[PDB]
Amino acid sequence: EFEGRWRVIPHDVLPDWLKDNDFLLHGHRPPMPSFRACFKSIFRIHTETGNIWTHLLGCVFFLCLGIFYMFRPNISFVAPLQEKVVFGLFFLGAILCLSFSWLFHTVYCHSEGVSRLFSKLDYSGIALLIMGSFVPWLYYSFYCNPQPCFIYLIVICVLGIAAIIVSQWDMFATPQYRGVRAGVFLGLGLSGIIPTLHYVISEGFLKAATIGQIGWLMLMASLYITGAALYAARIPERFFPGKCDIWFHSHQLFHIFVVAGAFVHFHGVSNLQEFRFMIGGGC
């Protein structure tokens, strides 16, 4: 087309609000105050192509997983209305997170004001994905113990809301605060250690280990840590500047970790419901 023509630009000619990662030397979309140009660029090759498509495809995938889960036979669950509500909250959190992410990455180059609005939605979505993922997990883990289940839901929701509020602060979106962002969101996911200790103290090592909670929880903690480390450190583009502009830079790998992380988490809580089904609702 001969409408809204553009060429990628080197990192040095970018305005300030577009200078996120100076290890990405070329292939940047120039500032373009057109939503038409921004959404057309999804089919173009630039520094944001992989970021858009990993969470655009991840978003539809979780939306198909969420719809299909909603229509599963009611016989398969001990309490289908309640169980579908808890999973529904997880799917909702995953879909809002992935949707805000792919939209923000698409309209990032629009203007300073649009970029500022969508970066706050992008950050807020991570917290929503984390808050939502605790709901089915605390539900099956504290199935017979209602007082800790209720308390830990207040805590993850209160910590999540504080992360959403901190995400509104304009300093938080600056490149200097990259490590602060990794720390805030990592802390939020790692705060799951508190209800995990409570579960292990209440039920013991054999129970925590027999049910695959322990193996699955270690993997989740691993995905969080390596995912946060890649993001904070800008690995591997730090080691090959100008060689990862389009493919496999840190943000792109991190996006992959979020989708994988959300699927492994779904798999873990899905096994907990199958186990709760085998033993029934008896306490």
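The first residue of the shown sequence is 1; numbering continues from there.
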Legend entry - Residue range whose averaged C-alpha B-factor is higher in the record, 143-151 or 186-194: 143-151
Inset, instruction - Tell me which of 221-229 and 28-36 has the higher mean C-alpha B-factor in the deposited entry. - result: 221-229
Inset, instruction - Identify, among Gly88, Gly204, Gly113, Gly125, the residue whose C-alpha carries the highest B-factor in the deposited PDB entry. - result: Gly204
Legend entry - Residue, from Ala94, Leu121, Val135, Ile75, that the PDB entry assigns the highest Cα B-factor: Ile75
Legend entry - Chain-relative CA temperature factor third for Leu98: lowest
Legend entry - Among modelled residues of the same chain, the CA temperature factor third for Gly242: highest
Inset, instruction - Consider only the C-alpha atoms of the modelled residues in this chain, order them by B-factor as the entry records it, and name the third containing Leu253: lowest, middle or highest. - result: lowest
Legend entry - Chain thirds of CA B-factor: placement of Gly58: middle
Legend entry - Relative C-alpha B-factor of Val107, binned into the chain's lowest, middle or highest third: lowest
